[PDB]
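Under PDB author numbering, read the sequence shown as residues 25 to 57, 59 to 238, 240 to 252, 254 to 290, first letter to last.
The structure under discussion appears below in the form of structure tokens.
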Amino acid sequence: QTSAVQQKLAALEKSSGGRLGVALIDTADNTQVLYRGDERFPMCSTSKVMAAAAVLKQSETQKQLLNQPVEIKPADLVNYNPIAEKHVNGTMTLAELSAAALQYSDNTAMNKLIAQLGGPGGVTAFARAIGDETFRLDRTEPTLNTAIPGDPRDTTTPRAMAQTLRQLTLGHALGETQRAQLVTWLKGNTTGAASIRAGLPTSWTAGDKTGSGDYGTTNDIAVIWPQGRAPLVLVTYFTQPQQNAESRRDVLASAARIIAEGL
Ligand SMILES: *[B]([O])([O])[C]([N]C(=O)[C]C1=[C][C]=[C]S1)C1=[C]C(C([O])=O)=[C][C]=[C]1
């Protein structure tokens with residue numbers, strides 16, 4: 025069946041020129057709304074949530090891990106690293122790297138998280154350990170953003186990512202202290218006001234992680251506390268046919284608005 029909300033999302037997608045993927049979980053009733062929910066999309070920086078969460082999981086059995094210093098060298102800098110470049114020839118802790126990755130989308134910080142986990146496959150391993158059979162991280166920053174149509178590397182589906190985000194932020198995939206820390210980090214994101222949150226009423230609060238990459243790939247994943256009801260988890264992925272396409276955060280905002288209006 026095709027719902028009114030799915031038809032609206034199809035209409036948005038048609039006018040956008042690209043390919044849109046949406047997954048909502050409403051924790052008021054556990055119901056879901059999906060649009061291309063089982064199609065793969067390049068994650069780009071939304072994968073930084075899984076890496077940060079994997080390090081939080083490791084910290085459950087090492088109380089001092091988040092205070093562990095990591096050397097930042099000139100050669101570690103990649104294409105976008107507004108926090109890490111301030112610490113070259115010094116150190117950042119794994120907490121500082123997690124915060125920088127999540128709240129500023131620092132790509133050097135992400136690479137240090139991936140290294141702590143033993144490479145991209147360590148992030149995938151953590152996904153599998155919390156019941157996500159779909160997620161795959163194959164590369165580091167910045168090549169995980171190539172976003173080539175048809176390429177499975179560094180992809181997931183909207184359905185899988187919404188489920189996982191729910192388990193991480195509202196469920197019990199992490200210990201309570203770690204879940205709270207993840208939520209605190211997401212709520213302090215600096216990059217999200219033009220994406221999902223732009224389509225929500227102002228009164229609502231949210232935490233989110235954006236992503237962007240080649241093929242005009244424009245993504246956001248969010249945990250949302252609407254006015255007067257139980258939290259939502261919402262994933263919005265968008266990708267375009269030309270490698271040099273421009274970002275379309277407005278499409279994510281529009282998808283979020285359709286979802287909000289359909290509640
Ligand atoms: B993250 O990987 O999406 C990250 N993207 C990039 O580094 C962009 C590209 C690299 C190579 C080809 S494209 C990133 C995300 C954000 C954000 O979420 O706002 C900001 C900066 C970098």
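For each residue, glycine too, the CB sits at the ideal point set by N, CA and C.
Could you give the first and the last residue of the continuous beta strand (DSSP E) run that contains residue i?
i           : result
residue 246 : 243-251
residue 113 : Unbroken run through residue 113: none, as it is neither H nor E.
residue 44  : 43-50
Of all the options the options, which has the alpha carbon lying nearest to the alpha carbon of residue i?
i           : options            : result
residue 199 : 119, 156, 34       : 156
residue 43  : 288, 271, 266      : 266
residue 264 : 254, 277, 255, 257 : 277
residue 250 : 275, 286, 272      : 286
residue 60  : 53, 49, 227, 104   : 49
residue 5   : 171, 180, 260      : A question about residue 5 goes unanswered here, because the residues of the chain that appear run from 25 up to 290.
residue 82  : 62, 111, 119, 114  : 119
residue 254 : 138, 52, 135       : 52
residue 215 : 234, 205, 96, 268  : 234
residue 76  : 164, 104, 92       : 164
residue 57  : 128, 188, 169      : 188
residue 195 : 168, 248, 145      : 248
With H, G and I counted as helix, E and B as strand and the rest as coil, what does DSSP make of residue i?
i           : result
residue 62  : coil
residue 121 : helix
residue 27  : coil
residue 133 : helix
residue 258 : coil
residue 96  : strand
residue 237 : strand
residue 177 : coil
residue 56  : strand
residue 189 : helix
Residue range of the alpha helix (DSSP H) that residue i falls in?
i           : result
residue 272 : Counting along the chain, residue 272 falls outside any alpha helix (DSSP H), and DSSP gives it neither H nor E.
residue 80  : 73-84
Next item on the list: At 4 residues or longer, and completely inside the stretch 137-173: list those alpha helix (DSSP H) runs for me, N to C.
Entry: 145-154
Note to self: Ignoring anything shorter than 3 residues, give me the beta strand (DSSP E) runs that lie fully in the stretch 191-233, in order along the chain.
What the structure shows: none
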